[PDB]
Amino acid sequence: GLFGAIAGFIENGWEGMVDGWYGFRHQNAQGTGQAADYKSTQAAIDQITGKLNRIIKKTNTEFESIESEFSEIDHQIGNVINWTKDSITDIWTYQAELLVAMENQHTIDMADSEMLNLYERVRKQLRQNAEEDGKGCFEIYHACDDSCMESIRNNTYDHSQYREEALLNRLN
């Protein structure tokens, strides 16, 4: 994909995550955790809802009949009508196929970008206290308990608190 996270460096999705679209899993001394990110989840949902509001609708124009169901109209004008309707039908079929194909591409890539923006937000927070493992996880080089893990999810993790301890473990 365009941004390289979903169907990319993140190997696969989590069927066990039923309370959100994006989220965190972690492991520390205290336990194994899972939690959904509301902000990135809702950002993706709102954008898709906006498309549905835009796409799922019809025109206000009042169309009357120009073709009798139960009687035969004049032959020459009937051919002009048949030609014109088939031309308009080809335009709308093409427009519909393009619309959905375009939007499906953008929806998939938008979702991919939200995964990346969360990953990048976490990377910049952790600073020199963690390293990327390639699979979408961060190996944290200090003791990071449940409150520490929560602060990363809450976007209030302070890297300076653990910097000295982390640099010693990384250099070994």
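We call the rigid core the largest set of C-alpha positions that still match within 1.5 Å between the two forms. The first residue of the sequence shown is number 1, and the count goes up from there.
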property	result
Which of 24-32 and 124-132 strays further in 6 other deposited structures of this protein - Cα RMS after rigid core alignment	24-32
Which of 133-141 and 66-74 has higher mean CA B factor, as the PDB entry lists it	66-74
Selected stretch [higher average CA B-factor]: 75-83 or 88-96	75-83
Residue of maximum C-alpha B factor among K57, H106, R123, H26, per deposited coordinates	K57
Top residue by Cα temperature factor, when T32, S113, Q128, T61 are compared in the entry	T61
CA B-factor placement of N117, once the chain's modelled residues are sorted into thirds	lowest
Third assignment of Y162 from its chain's C-alpha B-factors	highest
